[PDB]
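When you number the sequence shown by the numbering used here, it's gap-free, plus one each residue, and the end is 274. C-beta: ideal position from N, C-alpha, C; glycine also.
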Amino acid sequence: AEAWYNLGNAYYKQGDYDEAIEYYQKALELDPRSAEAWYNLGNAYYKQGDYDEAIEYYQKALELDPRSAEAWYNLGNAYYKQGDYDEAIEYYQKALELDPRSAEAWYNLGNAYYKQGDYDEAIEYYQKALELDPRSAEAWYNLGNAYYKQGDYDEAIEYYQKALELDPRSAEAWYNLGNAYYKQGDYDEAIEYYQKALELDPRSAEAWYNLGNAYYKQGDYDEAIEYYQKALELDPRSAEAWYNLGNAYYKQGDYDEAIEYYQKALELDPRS
Ligand SMILES: [Ba+2]
Ligand SMILES: [Ba+2]
Ligand SMILES: [Ba+2]
Ligand SMILES: [Ba+2]
Ligand SMILES: [Ba+2]
Ligand SMILES: [Ba+2]
Ligand SMILES: [Ba+2]
Ligand SMILES: [Ba+2]
Numbered sequence: 003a004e005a006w007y008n009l010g011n012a013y014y015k016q017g018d019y020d021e022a023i024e025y026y027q028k029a030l031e032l033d034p035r036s037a038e039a040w041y042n043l044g045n046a047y048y049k050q051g052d053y054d055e056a057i058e059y060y061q062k063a064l065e066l067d068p069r070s071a072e073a074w075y076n077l078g079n080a081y082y083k084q085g086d087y088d089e090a091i092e093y094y095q096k097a098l099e100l101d102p103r104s105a106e107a108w109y110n111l112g113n114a115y116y117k118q119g120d121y122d123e124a125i126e127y128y129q130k131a132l133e134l135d136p137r138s139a140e141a142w143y144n145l146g147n148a149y150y151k152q153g154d155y156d157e158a159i160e161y162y163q164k165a166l167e168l169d170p171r172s173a174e175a176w177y178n179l180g181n182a183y184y185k186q187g188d189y190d191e192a193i194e195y196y197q198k199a200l201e202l203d204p205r206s207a208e209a210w211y212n213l214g215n216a217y218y219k220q221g222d223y224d225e226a227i228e229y230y231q232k233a234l235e236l237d238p239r240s241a242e243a244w245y246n247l248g249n250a251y252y253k254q255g256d257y258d259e260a261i262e263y264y265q266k267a268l269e270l271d272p273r274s
């Protein structure tokens, strides 16, 4: 039994999974006992692209080893992709109840809790990432993200300034940081953080939209109408954006051309 396992493992180490899974099944023909192999068989399906396949083989590991923390975590993950967070949130804590020392799991727990519409709770968990280390750069975002989600902008704008300290390179953050000044009502403060986002990703159509929206508040339809087109050649599919263009040319005093754009918007969603 021993060898059939170590073999399947090296095929796991070449990205060969329906290949590995043959040999893992054969370890588990000889010895169904070793709940290492039951673990890994599920991990060669968490690869080969098979998730409620993986679960069954994790539960059969968690039969024979009921405090395999590593098996709780990845069973949690395997419902998290399938996308059922009732279940993941649970199995992720059955993981932490054993290993409360897991800025991995404590991160992955706020990613489950983030889709319960549930941000007041989901933030407790992210701050259990802060404690272990500030090393995990992604998660600095998802904090401020969840503060942005509760209309709680002043706070959000702090945690992207920490996000961007760490990776100045992420235009995701740059974008969202310019959005928290779009609500919290500080606009040419927003523009210049949308500009620092396009610098990094110029085919971001929504940077062009919400930067071009930010001049629209401050009256400046000279320059707002510019960016609204920069947006629309990069996505002609928008309804309330050919709309927002025509609303902008309506103020330029300019009805002849401002009408054509509303009809553009009316081809696509006529209902509204
Ligand atoms: Ba195949
Ligand atoms: Ba498949
Ligand atoms: Ba299913
Ligand atoms: Ba299925
Ligand atoms: Ba253990
Ligand atoms: Ba203010
Ligand atoms: Ba101004
Ligand atoms: Ba100002």
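- DSSP places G146 in the helix class (H, G or I) of the three-state scheme.
- When DSSP states are grouped into helix, strand and coil, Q231 belongs to the helix group.
- Under the three-state reduction of DSSP, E126 is assigned to helix.
- Residue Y211 holds the alpha-carbon nearest to the alpha-carbon of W244 among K130, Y211, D256.
- Going by beta carbons, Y162 and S206 fall outside the 8 Å limit.
- Restricting attention to alpha helix (DSSP H) runs no shorter than 4 residues, the region 13–99 encloses them at 19–32, 39–45, 47–50, 53–61, 63–66, 71–84, 87–98, ordered along the chain.
- Taking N8 as reference, the option from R35, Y109, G17, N42 with the minimal CA-CA separation is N42.
- Ordered along the chain, residues surrounding ligand 5 are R69, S70, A71 [Cβ under 6 Å from any heavy atom].
- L134 carries a coil assignment under DSSP once its states are collapsed to helix, strand and coil.
- Taking 7 Å as the cut-off, the C-beta of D224 does not count as close to any heavy atom of ligand 7.
- In this structure, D256 has its CB at a distance of at least 7 Å from all heavy atoms of ligand 3.
- Shown here for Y60: same chain residues with a beta carbon closer than 6 Å to its own, the five before and five after excluded, namely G44, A73, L77 in chain order.
- With a threshold of 16 other beta carbon atoms within 10 Å, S240 meets it and is buried.
- DSSP, read as helix, strand or coil, puts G10 in helix.
- For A175, the uninterrupted alpha helix (DSSP H) run begins and ends at 173–185, by DSSP.
- With fewer than 16 other beta carbons inside 10 angstroms of its own, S274 counts as exposed.
- Near ligand 3, meaning a beta-carbon closer than 6 Å to one of its heavy atoms, we find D54, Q84.
- Here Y217 carries a helix assignment [DSSP, helix/strand/coil].
- 8 Å or more divides the Cβ of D33 from the Cβ of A12.
- Around the beta carbon of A131, 16 or more other beta carbons lie within 10 angstroms, which makes this residue buried.
- One thing to note: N110 has its Cβ within 8 Å of the Cβ of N79.
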